[PDB]
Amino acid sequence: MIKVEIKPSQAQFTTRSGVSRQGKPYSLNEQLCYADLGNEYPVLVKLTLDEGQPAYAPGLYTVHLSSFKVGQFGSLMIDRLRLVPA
C-alpha cells in the first residue's frame, strides 16, 4: 500500500477552467498531497478530483483500485489517483 497524507495546509482545492475542442466548457479541481515513495521524506503529488467530489480532509489515506487502467500500449497506468481512508 501507498501511504498518502493530506497535511492541514493541503485541505483546499483550486479550480482550473477552459473550453474543449468542440466548444464544451470544463472545470478541473486540483488538490495537493504527500506520498511516501520510500525516499528519505514523502514527496509532493498533485491530485485531480472527480466530478462532484469535495476535497479530501486532512489525514491518512491509501490508493483505491479504480485509480488504475490498462493503457493503449498494454501496460498498466494510473488514470486518476483516487483515495480511500486508511
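The first residue of the sequence shown is number 1, and the count goes up from there.
Exercise for the section: Return whichever of 68-76 and 18-26 has the greater mean Cα B factor according to the PDB record. Expected result: The recorded data point to 18-26.
Handout entry: Stretch with the greater mean C-alpha B-factor as recorded in the entry, comparing 29-37 against 43-51
Key = If you average the C-alpha B-factors of 29-37 and of 43-51, the larger mean comes out for 43-51.
Practice task
Identify, among 81, 1, 84, 6, the residue whose C-alpha carries the highest B-factor in the deposited PDB entry.
Solution key: Highest C-alpha B-factor among the listed residues goes to 1.
Problem - Entry-reported Cα temperature factor of residue 62, expressed as the chain third it lands in - result: Middle third - that is where residue 62 ends up once the chain's C-alpha B-factors are sorted.
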